Each structure stands twice: as structure tokens, then as C-alpha cells.
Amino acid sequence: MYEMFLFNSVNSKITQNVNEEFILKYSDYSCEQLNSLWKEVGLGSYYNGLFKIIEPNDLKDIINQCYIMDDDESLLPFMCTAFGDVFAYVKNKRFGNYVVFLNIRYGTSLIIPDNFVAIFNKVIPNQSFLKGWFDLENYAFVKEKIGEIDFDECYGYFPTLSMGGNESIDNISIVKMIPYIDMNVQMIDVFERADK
């Protein structure tokens, strides 16, 4: 279902083609549109390193303490940007399931209908939306100046924006993603809704 997603990604780097015992590890927290994605798309870097299909358990413990909505039952992180932002699949039987985009730089949450086909095929390959929804316009620029990242690295601000940092490229440093996101999730209490 994600041909139109995979094609617009130039320079992909699959780090681990996806199993089935892997997919069954998350049956309690996943959904079929995401299980078929793990079937069509393996864990790796996509769209020039901007996007990282991750092992959910790398982050799932970090972010399940995150209050997004009343009656959330589980948050399943399945993707990360090159800045440490987190995409999670959220099970919620009062509101209906949905995807949350957690902007780790601005400490905000974006509620996205759980239409993985729309998300991966028509929102991601659309620069308007990379800018409008995810604030990733300056990815090319940042990489020109700071360098390219591996799969488990990202661009951190030091100090982060939440701890009074500037947001200039002077403060960006390639660092290990998972401890970065952990750090940032411990700084901000509530990821408030993104003015959008």
C-alpha cells in the first residue's frame, strides 16, 4: 500500500528487514495498516535520513508516560524524524485510534487520523506538509552545515529549546537519538497541542 511512499524516498537504508515474530511482538499495540507497513517497509532510514522506521520498543517505554488524551490505552512509536520527533500509534476506544506526532523540539503534539495510507503516501512526500505539520523544512540546510547522521543519531539542540536554547545551527550537534528523546521527554511534562 506504500509504493507511493517508498518511491519518493531517494537514498533509503534498510537496517533490518522485518520479521513476523517482530510483528507479533506488537499485535497487542499495533493495527493492520501499521502491520502491513512493517511488511512493506523495513526498519531503516528514508527520505535522505530524515525519517527512521524504528524498533518500537526502543522508545515505547520512554513515551508511554506521555499524557496525550484521556483514555489512551497504549502509545506505539513507529517512526522518528532526523530531529528526534516521534510518531506514535495511539489506541483509544473513546476517541478512536489515531497517530500522535510529538515534536521533541517544540514540545507539542499533533493528532493525526490513523490513516497510514494518507500519512505515508500523500503527507510525507508533500513538502507543504513536512513544513506545515512537521516543521522539517530546514533538514537539507541543517545537514549541509552539521553533517549527515547514522540511523541511531539525530540533531540535538544544546541546550534544547525547552531548556532555553537558541535554535541556531550553532547549537546543533549530532548525538544519539534514543537518550536525546528520553532527556527531552523528561524535561517537558505535557506535550501541548500544536498551534495548527
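For every residue, the number given is its place in the sequence shown, counted from 1.
*Asks:* State which stretch shows the higher mean Cα B factor in the entry: 148-156 or 35-43.
*Replies:* For C-alpha atoms only, the mean B-factor is higher in 35-43.
*Asks:* When the Cα temperature factors in the entry are averaged, is it 187-195 or 1-9 that ends up higher?
*Replies:* It is 1-9 that shows the higher mean C-alpha B-factor.
*Asks:* Among the candidates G96, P77, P125, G107, give the one with the maximum CA B-factor reported in the record.
*Replies:* Of the options given, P125 has the highest CA B-factor in the PDB entry.
*Asks:* Maximum C-alpha temperature factor per the entry, among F134, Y67, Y26, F141, belongs to which one?
*Replies:* Comparing C-alpha B-factors across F134, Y67, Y26, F141, the top value belongs to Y26.
*Asks:* Quick check for you: using the entry's CA B-factors within this chain, is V18 in the lowest, middle or highest third?
*Replies:* Highest third - that is where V18 ends up once the chain's C-alpha B-factors are sorted.
*Asks:* What third of its chain, lowest, middle or highest, does the C-alpha temperature factor of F101 fall into?
*Replies:* For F101, whose C-alpha B-factor we compare with every modelled residue in the chain, the answer is the lowest third.
*Asks:* For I63, return the chain-relative third of its C-alpha B-factor as stated in the PDB record: lowest, middle or highest.
*Replies:* Within its chain, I63 is a highest-third residue by C-alpha B-factor, going by the deposited values.
*Asks:* What third of the chain, by the recorded C-alpha B-factor, contains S162?
*Replies:* Lowest third.
*Asks:* Which third of the chain does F116 land in by C-alpha B-factor: lowest, middle or highest?
*Replies:* Middle third by C-alpha B-factor.
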